file coords_24.pdb (PDB, N, CA and C atoms and all ligand atoms)
ATOM      1  N   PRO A   2     -53.617  34.620  -6.842  1.00  0.00           N
ATOM      2  CA  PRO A   2     -52.518  33.690  -7.214  1.00  0.00           C
ATOM      3  C   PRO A   2     -52.511  32.435  -6.344  1.00  0.00           C
ATOM      4  N   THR A   3     -52.992  31.330  -6.904  1.00  0.00           N
ATOM      5  CA  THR A   3     -53.036  30.071  -6.171  1.00  0.00           C
ATOM      6  C   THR A   3     -51.792  29.237  -6.460  1.00  0.00           C
ATOM      7  N   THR A   4     -51.885  27.936  -6.206  1.00  0.00           N
ATOM      8  CA  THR A   4     -50.760  27.039  -6.441  1.00  0.00           C
ATOM      9  C   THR A   4     -51.253  25.641  -6.797  1.00  0.00           C
ATOM     10  N   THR A   5     -50.322  24.765  -7.161  1.00  0.00           N
ATOM     11  CA  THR A   5     -50.674  23.398  -7.528  1.00  0.00           C
ATOM     12  C   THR A   5     -50.829  22.532  -6.282  1.00  0.00           C
ATOM     13  N   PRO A   6     -51.404  21.371  -6.435  1.00  0.00           N
ATOM     14  CA  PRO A   6     -51.614  20.416  -5.314  1.00  0.00           C
ATOM     15  C   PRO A   6     -50.321  19.707  -4.918  1.00  0.00           C
ATOM     16  N   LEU A   7     -49.993  19.759  -3.631  1.00  0.00           N
ATOM     17  CA  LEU A   7     -48.780  19.121  -3.136  1.00  0.00           C
ATOM     18  C   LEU A   7     -48.795  17.627  -3.445  1.00  0.00           C
ATOM     19  N   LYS A   8     -47.708  17.138  -4.031  1.00  0.00           N
ATOM     20  CA  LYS A   8     -47.609  15.724  -4.375  1.00  0.00           C
ATOM     21  C   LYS A   8     -47.439  14.877  -3.117  1.00  0.00           C
TER      22      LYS A   8
HETATM   23  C1  LIG A 101     -54.226  27.754  -8.345  1.00  0.00           C
HETATM   24  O1  LIG A 101     -55.509  27.172  -8.411  1.00  0.00           O
HETATM   25  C2  LIG A 101     -56.398  27.914  -9.215  1.00  0.00           C
HETATM   26  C3  LIG A 101     -57.788  27.282  -9.122  1.00  0.00           C
HETATM   27  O2  LIG A 101     -58.632  28.109  -8.334  1.00  0.00           O
HETATM   28  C4  LIG A 101     -55.904  27.867 -10.663  1.00  0.00           C
HETATM   29  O3  LIG A 101     -55.916  26.525 -11.124  1.00  0.00           O
HETATM   30  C5  LIG A 101     -54.480  28.419 -10.734  1.00  0.00           C
HETATM   31  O4  LIG A 101     -53.969  28.241 -12.047  1.00  0.00           O
HETATM   32  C6  LIG A 101     -53.593  27.673  -9.735  1.00  0.00           C
HETATM   33  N1  LIG A 101     -52.258  28.260  -9.714  1.00  0.00           N
HETATM   34  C7  LIG A 101     -51.178  27.519  -9.939  1.00  0.00           C
HETATM   35  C8  LIG A 101     -49.846  28.261  -9.962  1.00  0.00           C
HETATM   36  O5  LIG A 101     -51.231  26.313 -10.176  1.00  0.00           O
HETATM   37  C1  LIG A 102     -47.251  22.818  -8.563  1.00  0.00           C
HETATM   38  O1  LIG A 102     -46.951  22.812  -9.941  1.00  0.00           O
HETATM   39  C2  LIG A 102     -46.896  24.111 -10.487  1.00  0.00           C
HETATM   40  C3  LIG A 102     -46.694  24.001 -11.999  1.00  0.00           C
HETATM   41  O2  LIG A 102     -46.719  25.298 -12.575  1.00  0.00           O
HETATM   42  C4  LIG A 102     -45.716  24.858  -9.861  1.00  0.00           C
HETATM   43  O3  LIG A 102     -44.507  24.193 -10.193  1.00  0.00           O
HETATM   44  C5  LIG A 102     -45.880  24.888  -8.340  1.00  0.00           C
HETATM   45  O4  LIG A 102     -44.716  25.448  -7.750  1.00  0.00           O
HETATM   46  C6  LIG A 102     -46.080  23.463  -7.821  1.00  0.00           C
HETATM   47  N1  LIG A 102     -46.345  23.485  -6.386  1.00  0.00           N
HETATM   48  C7  LIG A 102     -45.579  22.810  -5.536  1.00  0.00           C
HETATM   49  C8  LIG A 102     -45.999  22.854  -4.071  1.00  0.00           C
HETATM   50  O5  LIG A 102     -44.612  22.137  -5.893  1.00  0.00           O
END
call {"tool": "encode", "arguments": {"input": "coords_24.pdb", "output": "C-alpha cells"}}
result
Amino acid sequence: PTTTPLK
C-alpha cells in the first residue's frame, strides 16, 4: 500500500 506524491 503506497501513497500519492506530496504536493
Ligand atoms: C502508491 O504508488 C504505487 C506505485 O508503486 C501505486 O501507484 C499506488 O496506486 C499508489 N497508492 C496510492 C494510494 O496512490
Ligand atoms: C494523494 O492522493 C491520493 C488520491 O487517492 C490520496 O488522497 C492520498 O491521501 C494523497 N496523499 C497525500 C499525502 O495527500
call {"tool": "axis_aligned_box", "arguments": {"input": "coords_24.pdb", "around": "ligand LIG 101 (chain A)", "padding_each_side": "8 Å", "output": "AutoDock Vina command-line options"}}
result
--center_x -54.2 --center_y 27.4 --center_z -10.2 --size_x 24.8 --size_y 18.1 --size_z 19.7
call {"tool": "closest_atom_pairs", "arguments": {"input": "coords_24.pdb", "of": "chain A", "to": "ligand LIG 102 (chain A)", "cutoff": "5 Å", "atoms": "all atoms listed in the file", "output": "JSON lines"}}
result
{"residue": "A:5", "atom": "CA", "partner": "A:LIG102", "partner_atom": "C1", "distance": 3.6}
{"residue": "A:6", "atom": "N", "partner": "A:LIG102", "partner_atom": "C1", "distance": 4.9}
{"residue": "A:7", "atom": "CA", "partner": "A:LIG102", "partner_atom": "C8", "distance": 4.7}
call {"tool": "residues_near_ligand", "arguments": {"input": "coords_24.pdb", "ligand": "ligand LIG 101 (chain A)", "cutoff": "6 Å", "atoms": "all atoms listed in the file", "output": "JSON, numbers by chain"}}
result
{"A": [2, 3, 4, 5]}
